[PDB]
Structure formats: structure tokens, C-alpha cells
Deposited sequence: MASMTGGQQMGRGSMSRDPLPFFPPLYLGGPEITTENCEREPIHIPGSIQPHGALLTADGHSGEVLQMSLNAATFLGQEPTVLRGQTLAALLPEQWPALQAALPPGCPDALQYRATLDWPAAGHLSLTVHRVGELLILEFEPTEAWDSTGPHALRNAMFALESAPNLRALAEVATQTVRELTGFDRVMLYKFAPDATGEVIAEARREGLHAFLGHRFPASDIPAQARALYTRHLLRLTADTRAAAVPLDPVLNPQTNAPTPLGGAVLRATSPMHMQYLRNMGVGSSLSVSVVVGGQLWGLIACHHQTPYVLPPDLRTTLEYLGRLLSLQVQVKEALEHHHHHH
């Protein structure tokens, strides 16, 4: 079972108990966007990331308690219609807003809570390139090479899980001068069981800046439940300190991965590194999610042979 999070008196995570980090409920976000939680009926803003004024203009203490009818009058009705009570937490409302001096808005529902993620915002041959691959290796290589072209990431790897959950880099497209990870294998504990579980459900995650401090949600608990706000489906979710350190020690300033899910099992990751911090456009991330789905279908086929 998970430790309590830091804000509920849980210990700081060490290598003895990686697997017990409640990574899904960090009570904080990455500072390149803002996060609001709102009641799914009233649209009352229940929680905000402490940086919410940097993106949304209003004071933090004045945003709390206001409704999405006031804040987002054109989106609020579409938001309600798109994310009614009972819908799954993978379903997402996405809107582009014009704001003082563009913001991408991503909304999903967990129970009675709407989770709103604000971040700044501002192809076809890829699918047939994956399809044309004669064997798994070729597919692996075209997948990593295509993802690198679309994203500009310094390194894109296809990271394959073995049955014992150890991983291997089976293909990679890298910037000139970077050393190869191709064929290197890594312990199961590098992506621990709860991460692997989370990654089977929520297919994309990232750390835009491996040195950025996480921005608290205030209030930290959902006042609907007096319990942690589930952030597994929020891309703005704060990354595990343990993983961030791992990335820093590798010289990785930005990281992003996409789950490759085959037969309902975590088959692998498209894993991306940038040496510098790097915010991939939200539209671009949507392409990667889709590319990961398409790759997952292709991998099932070609690995059967």
C-alpha cells in the first residue's frame, strides 16, 4: 500500500520504498501551466495552483470560490455538456482560449471534480511509415525517428519491458554526440510498479523542467471529500522527486514518455529526453498520444510473427 503523501505527514521517499510513493496525488503541479479544480455541478473553483495569477490574471485569493460561469463564460456550458457526471477520467475537454497578451485548456472529470489545466499553446505520412515496417525492429526505429522529427527531442527511445519488468532500449533516435542507450537494460525498480500501473491507464506524462520546483495546490485536499485530488490524468501533475533526480543525474532537462499498451499490458514506452527544459506544445502531445496508440496496434501485429 502507498505511503501517505508529504502533505499528509508521509515520509520522503527513499530507494527502500520507491514503490510506495503516491505519485498520482502529489498535491502539486509543474510551473509551466496552471491548474484549477472545480465542482462539477456549480463550477465553483475549489482548488488552484499557487501560480494561477501568472496565467489567469486575477489574484489567487480572489479566484478561490468564484465559478467557471464567471471565469470561463463561453466554455462553461460546453465543458458541462462534454464532461457530464459518470464519464470516464480519460475523456477530456480541450479548448483554446484567447487571453490578455493563447492558453490551451484541458479538462477532465474525476468523480464530482473537474480538473482544469491551463498552459500556453502555439503528420499523415507517420502512420503509413509505421505500417510499412517489415519487422518489429524496423517499426521500433521508424517510431523513434518519426517522434524525434515531430518533437525535436534530443533523444527518443523505444523502451521495452521484459516479463520481469526490467526494461530495454530496443531502438532510439538521438541527437549527434549523444551516447547510445541502444541494447542497454535497466532494473525493474527504475519504473516502479505503481508508475507502471499508472502508465497503463494514463498514456502520457512529462517533466518539462527537471529542476523546477513543484507548485502546490491550495487547498491541497479536495474540499468535496477532504481527501487528495487525483492527478493521475493531469499532465501538469508534479513528477516524483526520485525520478526528477534520476533525470538530472542523466543530464536530462526535459522528459516525456508515451505508453505503448498491448493486450491491456504496458508493453513499453516511447521515452523522450531533452537536455534543456522544454515544453512540447499541447497539440503536439495529442499527436504523440495518437502515435502511441497506432504504434501499440502495429506492435501487437508484428510481434505475433
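- Residues 1 to 20, 122 to 123, 145 to 153, 337 to 343 of the deposited sequence, counted from 1, carry no C-alpha coordinates in the model.
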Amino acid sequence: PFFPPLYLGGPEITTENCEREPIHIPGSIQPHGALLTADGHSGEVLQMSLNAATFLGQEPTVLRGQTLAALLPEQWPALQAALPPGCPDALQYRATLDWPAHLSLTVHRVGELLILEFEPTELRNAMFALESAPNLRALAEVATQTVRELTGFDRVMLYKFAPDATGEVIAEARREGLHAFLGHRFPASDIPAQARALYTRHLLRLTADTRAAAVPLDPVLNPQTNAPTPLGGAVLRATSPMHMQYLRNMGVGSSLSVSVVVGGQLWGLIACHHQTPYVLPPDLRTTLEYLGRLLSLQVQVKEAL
From here on, numbers count along this sequence of modelled residues.
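- Look at the C-alpha B-factors of 64 to 72 and of 273 to 281. On average they run higher in 64 to 72.
- Mean CA B-factor, 32 to 40 versus 51 to 59: the higher value falls on 51 to 59.
- Comparing C-alpha B-factors across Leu203, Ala234, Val215, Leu123 in the deposited entry, the largest value falls on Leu123.
- Reading the B-factor column for the CA atoms of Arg148, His184, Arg175, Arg94 in the entry, the top value corresponds to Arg94.
- Annotation for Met250: C-alpha temperature factor in the middle third relative to the rest of the modelled chain, per the entry.
- For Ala238, the recorded CA B-factor ranks within the lowest third of the chain. Only modelled residues enter the ranking.
- Residue-level temperature factors show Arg196 in the lowest third of its chain, judged at the C-alpha atom.
- Compared with the other modelled residues of the chain, the Cα B-factor recorded for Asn226 ranks in the middle third.
- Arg20: CA B factor in the middle third of modelled residues in this chain (values from the PDB entry).
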